[PDB]
Amino acid sequence: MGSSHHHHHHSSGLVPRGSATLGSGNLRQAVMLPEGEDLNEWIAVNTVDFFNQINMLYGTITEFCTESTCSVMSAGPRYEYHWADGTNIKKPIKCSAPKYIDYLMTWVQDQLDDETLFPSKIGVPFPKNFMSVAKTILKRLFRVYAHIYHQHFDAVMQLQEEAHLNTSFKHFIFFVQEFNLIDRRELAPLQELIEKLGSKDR
């Protein structure tokens, strides 16, 4: 009615900071054969590296994957996901991300440690066997990678470093593109995520 006085000042928004930076240079050499090495070896060399780099960053964000939200996966005695063979492998069972991922990284991690598809001794045919086996491995590395994007994109940011996922994607594409070994529809689900993200250079 008369002379009243009222005021309130407040503005919160303190964002935390303190992330580390990895100085990975001379990555170009890692994209193309070293000086002059065999191709069959190159493929096997980059596989362990590629899968190791992708499998490594996923281990930090994989812990984020929670809830049944995983399109339901097959795992367990009664029903489980088997590799190599493809005779009826699609049934609903209790299986989370860290669970299905295990079988994904397991298979891959196995071959990298299974002296048979790698160069060591004479026996297995690289230009025939290593190709079929390697084709199943490469497809697995990317497939699992996308998991971080779709299944838990936010999880990437929640871990401070997010550009890492996108950065590694370049080497995953540039590498296959440089040698021209791309194929399958796996490439389809790529132009979309790139367009949505955009292009930030400056």
# chains A, B, ... in the order shown; residues from 1 in each chain; ligands from 1
call {"tool": "select_by_dssp", "arguments": {"residues": "chain A", "states": "alpha helix (DSSP H)", "output": "number ranges by chain"}}
result
A: 27-31, 39-61, 97-112, 131-150, 153-158, 163-179, 188-197
call {"tool": "closest_residue", "arguments": {"among": "A:23, A:35, A:54, A:43", "to": "residue A:144", "atoms": "only C-alpha atoms"}}
result
A:54
call {"tool": "residues_around", "arguments": {"residues": "residue A:177", "least_positions_apart": "6", "cutoff": "12 Å", "atoms": "only C-alpha atoms", "output": "MDAnalysis selection string"}}
result
chainID A and resid 31:32 169:171 183 187
call {"tool": "residues_around", "arguments": {"residues": "residue A:33", "least_positions_apart": "4", "cutoff": "10 Å", "atoms": "only C-alpha atoms", "output": "CSV table (one decimal) with C-alpha atoms, in the first residue's frame"}}
result
chain,number,residue,atom,x,y,z
A,28,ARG,CA,49.5,-41.2,-39.7
A,29,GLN,CA,52.3,-43.8,-39.6
A,37,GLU,CA,55.8,-54.6,-43.8
A,38,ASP,CA,53.6,-57.3,-45.2
A,39,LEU,CA,49.9,-56.6,-45.6
A,41,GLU,CA,50.6,-58.6,-40.9
A,42,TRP,CA,49.4,-55.0,-41.1
A,43,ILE,CA,45.8,-56.1,-40.9
A,45,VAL,CA,48.6,-55.5,-36.4
A,46,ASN,CA,45.9,-52.8,-36.6
call {"tool": "closest_residue", "arguments": {"among": "A:89, A:122, A:148, A:20", "to": "residue A:101", "atoms": "only C-alpha atoms"}}
result
A:148
call {"tool": "closest_residue", "arguments": {"among": "A:115, A:102, A:186, A:178", "to": "residue A:75", "atoms": "only C-alpha atoms"}}
result
A:102
call {"tool": "residues_around", "arguments": {"residues": "residue A:136", "least_positions_apart": "5", "cutoff": "10 Å", "atoms": "only C-alpha atoms", "output": "PyMOL selection string"}}
result
chain A and resi 83-84+107-108+130-131+141
call {"tool": "write_last_selection", "arguments": {"atoms": "C-alpha atoms", "output": "compact mmCIF listing (two decimals), in the first residue's frame"}}
result
# COMPACT_ATOMS: atom_id res chain seq x y z
CA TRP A 83 29.70 -67.23 -32.38
CA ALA A 84 31.10 -68.79 -35.56
CA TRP A 107 35.71 -63.51 -28.75
CA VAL A 108 37.84 -60.72 -30.12
CA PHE A 130 42.59 -65.06 -41.68
CA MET A 131 40.25 -63.17 -44.02
CA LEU A 141 34.98 -53.80 -33.21
call {"tool": "atom_distance", "arguments": {"atom1": "atom CA of residue A:137", "atom2": "atom CA of residue A:189"}}
result
18.6 Å
call {"tool": "atom_distance", "arguments": {"atom1": "atom CA of residue A:65", "atom2": "atom CA of residue A:151"}}
result
7.0 Å
call {"tool": "closest_residue", "arguments": {"among": "A:71, A:172, A:48, A:197", "to": "residue A:114", "atoms": "only C-alpha atoms"}}
result
A:48
call {"tool": "atom_distance", "arguments": {"atom1": "atom CA of residue A:138", "atom2": "atom CA of residue A:116"}}
result
16.7 Å
call {"tool": "closest_residue", "arguments": {"among": "A:153, A:174, A:64, A:51", "to": "residue A:97", "atoms": "only C-alpha atoms"}}
result
A:64
call {"tool": "decode", "arguments": {"residues": "stretch 7-46 of chain A", "atoms": "N, CA and C atoms", "output": "PDB file, in the first residue's frame"}}
result
ATOM      1  N   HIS A   7      13.733  -7.592  -2.615  1.00  0.00           N
ATOM      2  CA  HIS A   7      14.735  -7.946  -3.613  1.00  0.00           C
ATOM      3  C   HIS A   7      15.370  -9.296  -3.293  1.00  0.00           C
ATOM      4  N   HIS A   8      15.920  -9.943  -4.314  1.00  0.00           N
ATOM      5  CA  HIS A   8      16.560 -11.241  -4.140  1.00  0.00           C
ATOM      6  C   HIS A   8      17.570 -11.503  -5.255  1.00  0.00           C
ATOM      7  N   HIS A   9      18.843 -11.583  -4.885  1.00  0.00           N
ATOM      8  CA  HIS A   9      19.906 -11.830  -5.852  1.00  0.00           C
ATOM      9  C   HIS A   9      20.476 -13.237  -5.687  1.00  0.00           C
ATOM     10  N   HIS A  10      20.535 -13.978  -6.788  1.00  0.00           N
ATOM     11  CA  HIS A  10      21.060 -15.339  -6.765  1.00  0.00           C
ATOM     12  C   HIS A  10      21.270 -15.865  -8.182  1.00  0.00           C
ATOM     13  N   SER A  11      22.438 -16.451  -8.423  1.00  0.00           N
ATOM     14  CA  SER A  11      22.763 -16.996  -9.735  1.00  0.00           C
ATOM     15  C   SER A  11      23.825 -18.084  -9.624  1.00  0.00           C
ATOM     16  N   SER A  12      23.381 -19.337  -9.607  1.00  0.00           N
ATOM     17  CA  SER A  12      24.294 -20.470  -9.505  1.00  0.00           C
ATOM     18  C   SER A  12      24.616 -21.036 -10.884  1.00  0.00           C
ATOM     19  N   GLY A  13      25.757 -21.707 -10.991  1.00  0.00           N
ATOM     20  CA  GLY A  13      26.161 -22.288 -12.258  1.00  0.00           C
ATOM     21  C   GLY A  13      27.658 -22.519 -12.340  1.00  0.00           C
ATOM     22  N   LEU A  14      28.233 -23.044 -11.264  1.00  0.00           N
ATOM     23  CA  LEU A  14      29.665 -23.315 -11.218  1.00  0.00           C
ATOM     24  C   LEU A  14      29.978 -24.686 -11.809  1.00  0.00           C
ATOM     25  N   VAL A  15      30.543 -24.692 -13.012  1.00  0.00           N
ATOM     26  CA  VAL A  15      30.892 -25.936 -13.687  1.00  0.00           C
ATOM     27  C   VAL A  15      32.311 -26.377 -13.329  1.00  0.00           C
ATOM     28  N   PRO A  16      32.486 -27.650 -12.926  1.00  0.00           N
ATOM     29  CA  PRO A  16      33.802 -28.183 -12.558  1.00  0.00           C
ATOM     30  C   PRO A  16      34.682 -28.446 -13.775  1.00  0.00           C
ATOM     31  N   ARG A  17      35.993 -28.349 -13.582  1.00  0.00           N
ATOM     32  CA  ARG A  17      36.943 -28.578 -14.666  1.00  0.00           C
ATOM     33  C   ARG A  17      38.226 -29.213 -14.140  1.00  0.00           C
ATOM     34  N   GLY A  18      38.883 -29.994 -14.990  1.00  0.00           N
ATOM     35  CA  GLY A  18      40.117 -30.650 -14.595  1.00  0.00           C
ATOM     36  C   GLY A  18      40.356 -31.941 -15.352  1.00  0.00           C
ATOM     37  N   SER A  19      40.145 -31.904 -16.664  1.00  0.00           N
ATOM     38  CA  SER A  19      40.339 -33.080 -17.504  1.00  0.00           C
ATOM     39  C   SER A  19      41.757 -33.120 -18.065  1.00  0.00           C
ATOM     40  N   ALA A  20      42.228 -34.321 -18.384  1.00  0.00           N
ATOM     41  CA  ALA A  20      43.569 -34.495 -18.929  1.00  0.00           C
ATOM     42  C   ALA A  20      43.540 -34.530 -20.454  1.00  0.00           C
ATOM     43  N   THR A  21      44.707 -34.359 -21.067  1.00  0.00           N
ATOM     44  CA  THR A  21      44.817 -34.371 -22.520  1.00  0.00           C
ATOM     45  C   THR A  21      45.954 -35.281 -22.973  1.00  0.00           C
ATOM     46  N   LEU A  22      45.658 -36.161 -23.923  1.00  0.00           N
ATOM     47  CA  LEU A  22      46.656 -37.088 -24.444  1.00  0.00           C
ATOM     48  C   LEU A  22      47.266 -36.561 -25.739  1.00  0.00           C
ATOM     49  N   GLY A  23      48.588 -36.432 -25.754  1.00  0.00           N
ATOM     50  CA  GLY A  23      49.272 -35.940 -26.936  1.00  0.00           C
ATOM     51  C   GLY A  23      49.663 -37.054 -27.886  1.00  0.00           C
ATOM     52  N   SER A  24      48.690 -37.555 -28.640  1.00  0.00           N
ATOM     53  CA  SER A  24      48.939 -38.629 -29.594  1.00  0.00           C
ATOM     54  C   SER A  24      49.279 -38.068 -30.971  1.00  0.00           C
ATOM     55  N   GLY A  25      50.570 -38.043 -31.291  1.00  0.00           N
ATOM     56  CA  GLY A  25      51.005 -37.529 -32.577  1.00  0.00           C
ATOM     57  C   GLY A  25      51.593 -38.610 -33.464  1.00  0.00           C
ATOM     58  N   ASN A  26      51.849 -38.265 -34.721  1.00  0.00           N
ATOM     59  CA  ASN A  26      52.413 -39.213 -35.674  1.00  0.00           C
ATOM     60  C   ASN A  26      51.493 -40.415 -35.856  1.00  0.00           C
ATOM     61  N   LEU A  27      50.191 -40.181 -35.731  1.00  0.00           N
ATOM     62  CA  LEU A  27      49.205 -41.245 -35.883  1.00  0.00           C
ATOM     63  C   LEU A  27      49.100 -41.697 -37.338  1.00  0.00           C
ATOM     64  N   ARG A  28      49.541 -40.841 -38.257  1.00  0.00           N
ATOM     65  CA  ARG A  28      49.493 -41.159 -39.681  1.00  0.00           C
ATOM     66  C   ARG A  28      50.250 -42.450 -39.977  1.00  0.00           C
ATOM     67  N   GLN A  29      51.435 -42.585 -39.393  1.00  0.00           N
ATOM     68  CA  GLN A  29      52.256 -43.774 -39.593  1.00  0.00           C
ATOM     69  C   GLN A  29      51.511 -45.027 -39.148  1.00  0.00           C
ATOM     70  N   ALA A  30      50.662 -44.873 -38.136  1.00  0.00           N
ATOM     71  CA  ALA A  30      49.882 -45.988 -37.613  1.00  0.00           C
ATOM     72  C   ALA A  30      48.735 -46.353 -38.552  1.00  0.00           C
ATOM     73  N   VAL A  31      48.431 -45.462 -39.493  1.00  0.00           N
ATOM     74  CA  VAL A  31      47.349 -45.695 -40.444  1.00  0.00           C
ATOM     75  C   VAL A  31      47.843 -46.457 -41.667  1.00  0.00           C
ATOM     76  N   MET A  32      49.104 -46.246 -42.020  1.00  0.00           N
ATOM     77  CA  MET A  32      49.698 -46.918 -43.171  1.00  0.00           C
ATOM     78  C   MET A  32      50.888 -47.776 -42.749  1.00  0.00           C
ATOM     79  N   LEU A  33      51.091 -48.890 -43.460  1.00  0.00           N
ATOM     80  CA  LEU A  33      52.194 -49.817 -43.179  1.00  0.00           C
ATOM     81  C   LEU A  33      53.438 -49.083 -42.676  1.00  0.00           C
ATOM     82  N   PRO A  34      54.223 -49.725 -41.792  1.00  0.00           N
ATOM     83  CA  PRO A  34      55.435 -49.134 -41.234  1.00  0.00           C
ATOM     84  C   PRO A  34      56.659 -49.384 -42.109  1.00  0.00           C
ATOM     85  N   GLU A  35      57.062 -48.364 -42.861  1.00  0.00           N
ATOM     86  CA  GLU A  35      58.220 -48.471 -43.742  1.00  0.00           C
ATOM     87  C   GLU A  35      57.950 -49.450 -44.882  1.00  0.00           C
ATOM     88  N   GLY A  36      57.934 -50.740 -44.557  1.00  0.00           N
ATOM     89  CA  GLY A  36      57.687 -51.754 -45.564  1.00  0.00           C
ATOM     90  C   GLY A  36      57.413 -53.118 -44.959  1.00  0.00           C
ATOM     91  N   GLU A  37      56.212 -53.292 -44.417  1.00  0.00           N
ATOM     92  CA  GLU A  37      55.825 -54.556 -43.800  1.00  0.00           C
ATOM     93  C   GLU A  37      54.738 -55.249 -44.615  1.00  0.00           C
ATOM     94  N   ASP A  38      54.621 -56.561 -44.440  1.00  0.00           N
ATOM     95  CA  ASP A  38      53.620 -57.343 -45.158  1.00  0.00           C
ATOM     96  C   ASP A  38      52.212 -56.846 -44.842  1.00  0.00           C
ATOM     97  N   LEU A  39      51.305 -57.005 -45.798  1.00  0.00           N
ATOM     98  CA  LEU A  39      49.925 -56.572 -45.622  1.00  0.00           C
ATOM     99  C   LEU A  39      49.206 -57.439 -44.591  1.00  0.00           C
ATOM    100  N   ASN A  40      49.218 -58.750 -44.812  1.00  0.00           N
ATOM    101  CA  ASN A  40      48.566 -59.690 -43.902  1.00  0.00           C
ATOM    102  C   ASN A  40      48.924 -59.380 -42.453  1.00  0.00           C
ATOM    103  N   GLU A  41      50.146 -58.908 -42.243  1.00  0.00           N
ATOM    104  CA  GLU A  41      50.608 -58.555 -40.918  1.00  0.00           C
ATOM    105  C   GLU A  41      49.976 -57.234 -40.488  1.00  0.00           C
ATOM    106  N   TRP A  42      49.950 -56.275 -41.410  1.00  0.00           N
ATOM    107  CA  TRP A  42      49.366 -54.963 -41.148  1.00  0.00           C
ATOM    108  C   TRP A  42      47.952 -55.096 -40.613  1.00  0.00           C
ATOM    109  N   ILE A  43      47.152 -55.883 -41.317  1.00  0.00           N
ATOM    110  CA  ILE A  43      45.766 -56.118 -40.930  1.00  0.00           C
ATOM    111  C   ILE A  43      45.688 -56.625 -39.497  1.00  0.00           C
ATOM    112  N   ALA A  44      46.470 -57.657 -39.213  1.00  0.00           N
ATOM    113  CA  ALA A  44      46.503 -58.251 -37.881  1.00  0.00           C
ATOM    114  C   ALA A  44      47.060 -57.273 -36.846  1.00  0.00           C
ATOM    115  N   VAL A  45      48.020 -56.454 -37.267  1.00  0.00           N
ATOM    116  CA  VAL A  45      48.647 -55.474 -36.381  1.00  0.00           C
ATOM    117  C   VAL A  45      47.658 -54.404 -35.928  1.00  0.00           C
ATOM    118  N   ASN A  46      46.902 -53.875 -36.877  1.00  0.00           N
ATOM    119  CA  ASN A  46      45.945 -52.813 -36.598  1.00  0.00           C
ATOM    120  C   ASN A  46      44.695 -53.329 -35.894  1.00  0.00           C
TER     121      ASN A  46
END
